[PDB]
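One file, structure32.pdb, is given below (PDB, N, CA and C atoms).
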```
MODEL        1
ATOM      1  N   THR A   1      95.128  99.938  91.902
ATOM      2  CA  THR A   1      94.146  98.900  92.266
ATOM      3  C   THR A   1      94.832  97.959  93.199
ATOM      4  N   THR A   2      94.076  97.450  94.159
ATOM      5  CA  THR A   2      94.685  96.483  95.053
ATOM      6  C   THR A   2      94.080  95.101  94.783
ATOM      7  N   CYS A   3      94.922  94.097  94.962
ATOM      8  CA  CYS A   3      94.557  92.683  94.736
ATOM      9  C   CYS A   3      95.048  91.880  95.922
ATOM     10  N   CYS A   4      94.274  90.967  96.407
ATOM     11  CA  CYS A   4      94.683  90.211  97.597
ATOM     12  C   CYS A   4      94.713  88.726  97.316
ATOM     13  N   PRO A   5      95.622  87.983  97.964
ATOM     14  CA  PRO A   5      95.778  86.582  97.681
ATOM     15  C   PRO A   5      94.757  85.680  98.259
ATOM     16  N   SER A   6      94.030  86.136  99.262
ATOM     17  CA  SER A   6      93.007  85.360  99.933
ATOM     18  C   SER A   6      92.025  86.342 100.576
ATOM     19  N   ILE A   7      90.897  85.788 101.006
ATOM     20  CA  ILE A   7      89.846  86.558 101.685
ATOM     21  C   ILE A   7      90.389  87.197 102.995
ATOM     22  N   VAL A   8      91.058  86.374 103.800
ATOM     23  CA  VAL A   8      91.618  86.924 105.046
ATOM     24  C   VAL A   8      92.564  88.046 104.800
ATOM     25  N   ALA A   9      93.417  87.936 103.758
ATOM     26  CA  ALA A   9      94.342  89.003 103.467
ATOM     27  C   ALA A   9      93.599  90.281 103.147
ATOM     28  N   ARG A  10      92.499  90.199 102.364
ATOM     29  CA  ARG A  10      91.687  91.371 102.073
ATOM     30  C   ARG A  10      91.054  91.939 103.350
ATOM     31  N   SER A  11      90.493  91.069 104.200
ATOM     32  CA  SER A  11      89.891  91.559 105.438
ATOM     33  C   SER A  11      90.935  92.300 106.300
ATOM     34  N   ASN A  12      92.131  91.745 106.367
ATOM     35  CA  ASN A  12      93.219  92.394 107.133
ATOM     36  C   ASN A  12      93.638  93.692 106.496
ATOM     37  N   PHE A  13      93.664  93.752 105.167
ATOM     38  CA  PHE A  13      93.991  94.952 104.434
ATOM     39  C   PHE A  13      92.986  96.066 104.755
ATOM     40  N   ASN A  14      91.700  95.717 104.764
ATOM     41  CA  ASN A  14      90.694  96.718 105.024
ATOM     42  C   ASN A  14      90.768  97.282 106.450
ATOM     43  N   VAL A  15      91.129  96.435 107.418
ATOM     44  CA  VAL A  15      91.332  96.951 108.776
ATOM     45  C   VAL A  15      92.582  97.847 108.806
ATOM     46  N   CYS A  16      93.671  97.424 108.167
ATOM     47  CA  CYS A  16      94.882  98.219 108.075
ATOM     48  C   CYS A  16      94.609  99.623 107.533
ATOM     49  N   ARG A  17      93.693  99.712 106.559
ATOM     50  CA  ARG A  17      93.399 100.997 105.964
ATOM     51  C   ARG A  17      92.575 101.938 106.842
ATOM     52  N   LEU A  18      91.834 101.385 107.835
ATOM     53  CA  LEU A  18      90.929 102.226 108.623
ATOM     54  C   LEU A  18      91.616 103.497 109.206
ATOM     55  N   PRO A  19      92.811 103.393 109.789
ATOM     56  CA  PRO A  19      93.451 104.628 110.304
ATOM     57  C   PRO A  19      94.033 105.505 109.235
ATOM     58  N   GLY A  20      94.052 105.045 107.968
ATOM     59  CA  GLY A  20      94.597 105.813 106.860
ATOM     60  C   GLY A  20      95.960 105.380 106.384
ATOM     61  N   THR A  21      96.443 104.249 106.875
ATOM     62  CA  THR A  21      97.734 103.706 106.490
ATOM     63  C   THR A  21      97.874 103.652 104.970
ATOM     64  N   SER A  22      98.984 104.048 104.403
ATOM     65  CA  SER A  22      99.184 103.920 102.951
ATOM     66  C   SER A  22      98.922 102.507 102.459
ATOM     67  N   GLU A  23      98.357 102.418 101.235
ATOM     68  CA  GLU A  23      98.155 101.095 100.632
ATOM     69  C   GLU A  23      99.429 100.293 100.577
ATOM     70  N   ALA A  24     100.574 100.945 100.296
ATOM     71  CA  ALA A  24     101.816 100.198 100.111
ATOM     72  C   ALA A  24     102.247  99.471 101.384
ATOM     73  N   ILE A  25     102.044 100.147 102.555
ATOM     74  CA  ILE A  25     102.331  99.487 103.837
ATOM     75  C   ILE A  25     101.312  98.401 104.167
ATOM     76  N   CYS A  26     100.031  98.668 103.859
ATOM     77  CA  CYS A  26      99.069  97.601 104.088
ATOM     78  C   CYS A  26      99.314  96.395 103.172
ATOM     79  N   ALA A  27      99.850  96.637 101.981
ATOM     80  CA  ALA A  27     100.225  95.544 101.062
ATOM     81  C   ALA A  27     101.290  94.645 101.653
ATOM     82  N   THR A  28     102.447  95.239 102.057
ATOM     83  CA  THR A  28     103.457  94.375 102.628
ATOM     84  C   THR A  28     103.028  93.726 103.933
ATOM     85  N   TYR A  29     102.120  94.402 104.691
ATOM     86  CA  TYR A  29     101.665  93.821 105.912
ATOM     87  C   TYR A  29     100.797  92.564 105.730
ATOM     88  N   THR A  30      99.995  92.565 104.615
ATOM     89  CA  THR A  30      99.019  91.513 104.397
ATOM     90  C   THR A  30      99.316  90.481 103.314
ATOM     91  N   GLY A  31     100.228  90.820 102.428
ATOM     92  CA  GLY A  31     100.432  90.029 101.207
ATOM     93  C   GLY A  31      99.598  90.495 100.017
ATOM     94  N   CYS A  32      98.712  91.469 100.207
ATOM     95  CA  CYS A  32      98.044  92.105  99.068
ATOM     96  C   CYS A  32      99.073  92.866  98.270
ATOM     97  N   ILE A  33      98.678  93.313  97.059
ATOM     98  CA  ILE A  33      99.539  93.973  96.110
ATOM     99  C   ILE A  33      98.795  95.166  95.528
ATOM    100  N   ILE A  34      99.571  96.093  94.998
ATOM    101  CA  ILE A  34      99.084  97.266  94.282
ATOM    102  C   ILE A  34      99.523  97.079  92.821
ATOM    103  N   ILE A  35      98.575  97.258  91.884
ATOM    104  CA  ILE A  35      98.910  97.235  90.483
ATOM    105  C   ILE A  35      98.425  98.514  89.819
ATOM    106  N   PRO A  36      99.024  98.916  88.697
ATOM    107  CA  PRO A  36      98.570 100.124  88.016
ATOM    108  C   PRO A  36      97.289  99.945  87.224
ATOM    109  N   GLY A  37      97.063  98.721  86.812
ATOM    110  CA  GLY A  37      95.860  98.366  86.032
ATOM    111  C   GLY A  37      94.711  98.092  86.956
ATOM    112  N   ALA A  38      93.639  97.524  86.412
ATOM    113  CA  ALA A  38      92.410  97.255  87.108
ATOM    114  C   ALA A  38      92.031  95.761  87.185
ATOM    115  N   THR A  39      92.886  94.930  86.596
ATOM    116  CA  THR A  39      92.560  93.526  86.445
ATOM    117  C   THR A  39      93.484  92.674  87.273
ATOM    118  N   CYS A  40      92.955  92.153  88.377
ATOM    119  CA  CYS A  40      93.766  91.320  89.268
ATOM    120  C   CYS A  40      93.938  89.940  88.673
ATOM    121  N   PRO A  41      95.101  89.325  88.854
ATOM    122  CA  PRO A  41      95.369  87.982  88.340
ATOM    123  C   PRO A  41      94.722  86.934  89.194
ATOM    124  N   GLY A  42      94.692  85.686  88.654
ATOM    125  CA  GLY A  42      93.985  84.590  89.321
ATOM    126  C   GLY A  42      94.530  84.145  90.671
ATOM    127  N   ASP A  43      95.844  84.477  90.896
ATOM    128  CA  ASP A  43      96.445  84.135  92.188
ATOM    129  C   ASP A  43      96.361  85.340  93.205
ATOM    130  N   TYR A  44      95.739  86.418  92.789
ATOM    131  CA  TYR A  44      95.412  87.532  93.668
ATOM    132  C   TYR A  44      93.958  87.918  93.432
ATOM    133  N   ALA A  45      93.091  86.910  93.627
ATOM    134  CA  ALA A  45      91.696  86.957  93.178
ATOM    135  C   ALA A  45      90.727  87.614  94.128
ATOM    136  N   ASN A  46      91.210  87.932  95.348
ATOM    137  CA  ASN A  46      90.357  88.457  96.426
ATOM    138  C   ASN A  46      90.673  89.914  96.771
TER     139      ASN A  46
ENDMDL
END
```
Serialized structure, structure tokens:
Amino acid sequence: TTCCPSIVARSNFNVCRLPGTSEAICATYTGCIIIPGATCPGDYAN
């Protein structure tokens, strides 16, 4: 599951993914994170 720290970070993450870039690279690029669970924390609410 991916979690993003802000709305812009999520929007940037979604553009990063369009060419098929791995989630892990889009995470470090945007500040979003990958977690094994499904429940994002309050500081990664977007």
Taking the file as shown, find all residues satisfying the PyMOL selection byres ((chain A and resi 43) around 6) and write them as an mmCIF file with N, CA and C atoms, in the frame of the given file.
```cif
data_model
loop_
_atom_site.group_PDB
_atom_site.id
_atom_site.type_symbol
_atom_site.label_atom_id
_atom_site.label_comp_id
_atom_site.auth_asym_id
_atom_site.auth_seq_id
_atom_site.Cartn_x
_atom_site.Cartn_y
_atom_site.Cartn_z
ATOM 1 N N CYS A 4 94.274 90.967 96.407
ATOM 2 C CA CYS A 4 94.683 90.211 97.597
ATOM 3 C C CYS A 4 94.713 88.726 97.316
ATOM 4 N N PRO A 5 95.622 87.983 97.964
ATOM 5 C CA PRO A 5 95.778 86.582 97.681
ATOM 6 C C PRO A 5 94.757 85.680 98.259
ATOM 7 N N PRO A 41 95.101 89.325 88.854
ATOM 8 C CA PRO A 41 95.369 87.982 88.340
ATOM 9 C C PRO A 41 94.722 86.934 89.194
ATOM 10 N N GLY A 42 94.692 85.686 88.654
ATOM 11 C CA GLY A 42 93.985 84.590 89.321
ATOM 12 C C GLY A 42 94.530 84.145 90.671
ATOM 13 N N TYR A 44 95.739 86.418 92.789
ATOM 14 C CA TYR A 44 95.412 87.532 93.668
ATOM 15 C C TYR A 44 93.958 87.918 93.432
ATOM 16 N N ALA A 45 93.091 86.910 93.627
ATOM 17 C CA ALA A 45 91.696 86.957 93.178
ATOM 18 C C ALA A 45 90.727 87.614 94.128
#
```
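Between atom N of residue 8 (chain A) and atom C of residue 40 (chain A) the interatomic distance comes to 15.8 Å.
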Next item on the list: Report the residues of chain A whose backbone DSSP state falls under strand (DSSP E), written as a PyMOL selection string.
Entry: chain A and resi 2-3+33-34
Restricting it to N, CA and C atoms, dump the selection as a CSV table (one decimal), keeping the file's coordinate frame.
```
chain,number,residue,atom,x,y,z
A,2,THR,N,94.1,97.4,94.2
A,2,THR,CA,94.7,96.5,95.1
A,2,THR,C,94.1,95.1,94.8
A,3,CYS,N,94.9,94.1,95.0
A,3,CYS,CA,94.6,92.7,94.7
A,3,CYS,C,95.0,91.9,95.9
A,33,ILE,N,98.7,93.3,97.1
A,33,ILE,CA,99.5,94.0,96.1
A,33,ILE,C,98.8,95.2,95.5
A,34,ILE,N,99.6,96.1,95.0
A,34,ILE,CA,99.1,97.3,94.3
A,34,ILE,C,99.5,97.1,92.8
```
Check: Would you give me, as a VMD selection string, the residues in chain A that DSSP reads as helix (DSSP H, G or I)?
Finding: chain A and resid 7 to 17 23 to 30 42 to 44
Next item on the list: Can you give me, as a list in words, the residues this file yields under the PyMOL selection byres ((chain A and resi 20-36) around 6)?
Entry: residues 1, 2, 3, 4, 5, 9, 13, 16, 17, 18, 19, 37 and 38 of chain A
Next item on the list: Just give me the gap between atom N of residue 39 (chain A) and CA of residue 15 (chain A) in Å, one decimal is fine.
Entry: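 A separation of 22.3 Å between them.
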Checklist line | Separation of atom C of residue 46 (chain A) from CA of residue 11 (chain A), in Å and rounded to one decimal | finding: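 Here the two named atoms are 8.9 Å from each other.
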Around all listed atoms of region 16-32 of chain A, padded 3 Å per side, what centre and edge lengths does the axis-aligned box have in Å to one decimal, as lines of an AutoDock Vina configuration file?
```
center_x = 97.2
center_y = 97.9
center_z = 104.3
size_x = 18.5
size_y = 21.8
size_z = 18.0
```
